[PDB]
Amino acid sequence: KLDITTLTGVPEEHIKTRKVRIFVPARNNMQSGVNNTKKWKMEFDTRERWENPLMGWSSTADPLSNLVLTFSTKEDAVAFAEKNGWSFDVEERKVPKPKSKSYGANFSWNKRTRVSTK
Amino acid sequence: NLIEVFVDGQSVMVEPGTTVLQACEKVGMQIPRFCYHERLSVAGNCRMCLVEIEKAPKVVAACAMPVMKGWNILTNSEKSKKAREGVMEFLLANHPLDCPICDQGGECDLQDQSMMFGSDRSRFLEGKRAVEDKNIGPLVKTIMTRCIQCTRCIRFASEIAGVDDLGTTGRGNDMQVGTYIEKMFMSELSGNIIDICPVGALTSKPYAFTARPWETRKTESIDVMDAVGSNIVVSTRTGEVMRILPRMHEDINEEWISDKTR
Amino acid sequence: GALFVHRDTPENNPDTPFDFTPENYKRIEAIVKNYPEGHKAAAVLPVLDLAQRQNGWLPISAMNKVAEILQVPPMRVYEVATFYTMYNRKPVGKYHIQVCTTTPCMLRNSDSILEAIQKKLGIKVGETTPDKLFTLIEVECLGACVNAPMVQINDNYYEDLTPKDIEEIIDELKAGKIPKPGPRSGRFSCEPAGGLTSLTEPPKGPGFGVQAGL
Amino acid sequence: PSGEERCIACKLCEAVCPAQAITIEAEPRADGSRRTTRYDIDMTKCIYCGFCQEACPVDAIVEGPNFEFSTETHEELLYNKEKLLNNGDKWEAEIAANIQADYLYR
Amino acid sequence: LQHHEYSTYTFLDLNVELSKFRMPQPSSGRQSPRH
Amino acid sequence: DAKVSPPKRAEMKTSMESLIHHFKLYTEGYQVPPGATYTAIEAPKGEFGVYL
Amino acid sequence: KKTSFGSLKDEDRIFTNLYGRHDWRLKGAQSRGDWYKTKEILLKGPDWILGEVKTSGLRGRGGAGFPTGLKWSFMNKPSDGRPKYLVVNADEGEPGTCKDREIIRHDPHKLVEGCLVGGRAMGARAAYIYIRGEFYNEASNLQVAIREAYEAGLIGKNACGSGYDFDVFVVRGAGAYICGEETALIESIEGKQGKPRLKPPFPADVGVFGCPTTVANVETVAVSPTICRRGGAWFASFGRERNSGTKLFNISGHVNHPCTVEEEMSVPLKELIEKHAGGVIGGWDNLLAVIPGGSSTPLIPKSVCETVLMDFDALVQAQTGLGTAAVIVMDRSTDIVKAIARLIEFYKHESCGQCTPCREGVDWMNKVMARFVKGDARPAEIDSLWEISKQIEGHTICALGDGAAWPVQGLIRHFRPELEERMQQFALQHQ
């Protein structure tokens, strides 16, 4: 029942109207590295961005547009969201399921796994 | 019948037939790879997976070597690091200096694995090779001089797409990847070759030159083009959608998305 | 110097007419029988060699026809054709002069034979004579390294060659006469030149020194 | 020297900008070359660090000799790709000589 | 000395002749791996 | 060390490894091994320190 | 117990018709002792044949020289329902090797009977003999020999009346040196590009057509019938311990009488060159860096050649290898750098390309070696070349890489002064 909302200084609109997403970021499919998929992340909901009349630069009025926090575990991020009084949605971690890999299967006598080209 | 193997002295119980790379994954060590994709078949050509097994004279390819009980996988031994450095040097010997213009820059496995497991300088004092580019369609922009002959695209086209139209022609350093004829690689899953390719040899024509990886903001969402429900990552920069990238959901879409979604 | 990409041309378009002769089709049936059922893709190399023998070179249509006959993806046939040197993906001369320029043959002054061939034919290596009867190409160990210098023709090994010998062989081929394969010097085989230092005695014959228990 | 712009839309010079004063957008041009549709440097957010002159791979972006470019309005100091290219054309004679002088030290 | 006179199709014709002596081939059980 | 200090311009323009390292150093930067330190110097106004 | 080998009588020579003077057809082979009591050998059993091979101590003639009996016993396991095959490697692609050509051209029935015996040992239904495509006439000769064997009933159904069904098929290559490698040979027979497989699945368990297969050199298979008939101990008598047998040798290069001869293992290299090769051109003084076992094996300087014995372990002690038994001799009137560069270029042209180490490093070594032969390099490049070779060696998926690395290392190790001399001379020339 810890509430630091009064002490944080955040304006009420962002406290109440913002949904924070707790997730483990998915791996960038462009790369095979998995180091960036090992820590939970808390990210706020996206809001309007408009073009500046003078230069066309993307303008925003959302103070928490770029705010992202890293948490070791899901429970810690949930605790932080609850203490700060943000509505939270938790997406469970997605882990690559174990696979069976055989180089010999590429040259199977009877199975379809035989590879036409190496 | 789990058997016990040690990765850097740590006991890990793995089912028989598990490769050294997966055993290392069990302990958190991600063996550097260029040609190995879990979805695709094992090839062993890249040779960046080489690691040293304790009391074994010759390094083994982690991707293609099934673990044997009692093996201790030394993933950071001097031999393993030197093998990685040599393989990286060979990979970068003929690679074009196209990084500033390569779309894969900032998200290139060659760049990061060079910055992590490779030397910081070049001893190559000869001219580099160049390959005439192949046209495989209106979706995949091809700069084949950047190819590292990992054969990921060929194995993907054969195994997942089912189109046996991409292959290797020639031998030696002159070996080239692509249809021998002026054929066009047409499939629902053709765009996934762009994702699978470790280097920026195969890149999205629609997304060419538009943005760099670090700029983009990634939003996880679901596709609506089909009822499959493929999970996607919508990459947006400055409030504008830049590209759609597949997101891994083993149950619905493994790592792939259709051309219409992409 | 040959490219490994195919640019369609009027001579080498996919509509270039090529089909196996019926006798070659029976030979193809014989070839297919050799390999186990369900693995008829193994016939690709012998069938491509048969196509090259029939036509003298492999057009893209020939490769497509081989793939169709063997029910294999065409790209695999393209890969086999490109990978193996012997297959000719461009038209070649009536007689293909292949000079082995490897280290063993090189030590036996192979460059002399190569240069004499160049002078007699008038073509540099990798070129075809205007008459389209001779194509000169250098090659690696052909297997007769001991009988160097050695130049192969369409299928015959003319080994133990000297400039004059190669020029005479080229003259015979131009005349239409078929030279006899083998060492053009006195020797007949890998035999020591001066005389046999081994196997001088007659063969022992059947049942010689046979283990008693057998 | 041909007259083609050196920029190849690497955006690494944007990445290294300490103050995020460079905004770059690019698209394949009609020739097919990787060129910048938008290149903006806010001379009011810039810290004149000298980065992106070291960072830019092709020597496209250079902090030139001029220091007397004061303006009577804030908007004049928000440069555009056209303005930057005009400055490069104006000061190319001096910029090339200075780069020649210091290119060996770099 | 017999090798001095061999034609282009000699090897293939010899294989055709040997076809009859050959024993039945083993079968994987499928027409092709792609099948 | 080109994984910490950027390579020379000629090397970056002539060598692939140098170009890769220049690109990464000027876009990502060099990763620093995890840790904390208080380093101080005798600056002209006294002790200047950074707890990084 | 003999301390000096090197003289072999005609009686003990397995390849009686090596030079082809006697008839190569079935009649000649039978007259010279071939196809003799083969039925009895087949009936004796697979275990007896494998034991005879093991007692012989035969080492593989391909160049690796693995113990043949142990290798063949790997296939002795009971069948799982898949067929078993024996593949005879007649590629003969190593530069300097010409023995298999002689064996097939002039003594084919030896190879056919050896195929039958080995298949009986390996429980193999059929044997595929992969013959280099350039060897067309020899392949035709082998096919004729196979036809004669089929007519006689020696092969085929009820082969030699042994109740064993065996077929020999001849497959001709399309001109690739890599195809010599056992896995590359299997792939080529299967119709794919001849690119070596990864060993972790071994050929015995998975091979041609995904079935148990053993790949043996033509010489190793051919000697099996004679080893069985004469006895394993007879083969053991010749040569040192662990180097037993009579090995065909190809003496080529700067020798007065280039020839292929059969002598006991462990024969002194000088004795082999002088006795049968007619001596070095210009005499033994002119000898410079004889290549012991073909291109793959590193070169040896003249001093080592003076006392070196041509056996596997002894040559290994010399930092070289017996390899294919091909002896390439260079006289002092030779540019050693140029010859090693030509061999490296051969490796560059013959590389498959799949393995990044080989694909890139062999081309890199070829370019560096060409620059060395010209002399257009700094002295430091030699250590760089050594390190590049070390990177290539032991990391490739095929021995071809190590085959390329080893000659460069041998050239550096034994003739480094020559390269630096040429570099200095080039620098002086261009000033």
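The letters A, B, C, D, E, F and G name the chains in turn, as written, and every chain counts its residues from 1.
To be clear about the criterion, a residue touches a chain if its C-beta (ideal position, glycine included) is under 8 Å from a C-beta of that chain, and two chains touch if they have at least 3 such contacts.
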(message) Using C-alpha centres only, name the chain that sits farthest from subunit G.
(response) D
(message) Distance between subunit F and subunit G based on Cα centroids, please, to the nearest Å.
(response) 55
(request) With chain centres taken as the means of their Cα atoms, state the distance from subunit A to subunit C in Å. (result) 62
(request) Express in whole angstrom the distance between the two chain centres, defined as the mean CA positions of subunit C and subunit G. (result) 22
(message) I'd like the Å distance between the centres of subunit D and subunit E, where a centre is the mean of that chain's Cα atoms.
(response) 71
(message) Using the touch definition from the top, which residues of subunit F touch two or more other chains?
(response) 13, 19, 23, 27
(request) Check each residue of subunit E and list the ones that touch at least two other chains. (result) 3, 6, 15, 22, 26, 28-30, 33
(request) Would you give the residues of subunit B that are in contact with at least 2 other chains, written as numbers and ranges? (result) 42-44, 64, 66, 89, 93, 100, 105, 112, 124, 151, 164, 167-168, 170-171, 174, 212, 214
(request) Could you run through all the chain pairs that touch each other? (result) A-B, A-C, A-D, A-E, A-G, B-C, B-D, B-F, B-G, C-E, C-G, D-F, E-G
(message) Under the definition above, what is the set of subunit E residues touching subunit A in their complex?
(response) 28-30, 33-35
(message) Going by the contact rule set out above, which residues of subunit C touch subunit G in the complex?
(response) 34-36, 39, 41-46, 48-49, 72, 76, 79-80, 83-87, 101-104, 106-108, 140-148, 152, 155-157, 181, 188-194, 196-201, 203-211, 214
(request) Would you pull the subunit D residues touching subunit A in the complex into a rising list? (result) 23, 38, 40, 75, 78, 80
(message) If we count contacts the way the header does, which residues on subunit E are in touch with subunit G in the complex?
(response) 2-3, 6, 10-11, 14-15, 17-18, 21-23, 26, 28
(request) Would you tell me which residues of subunit C are touching subunit B in their complex? (result) 3-8, 14, 60, 73-76, 78-79, 82-83
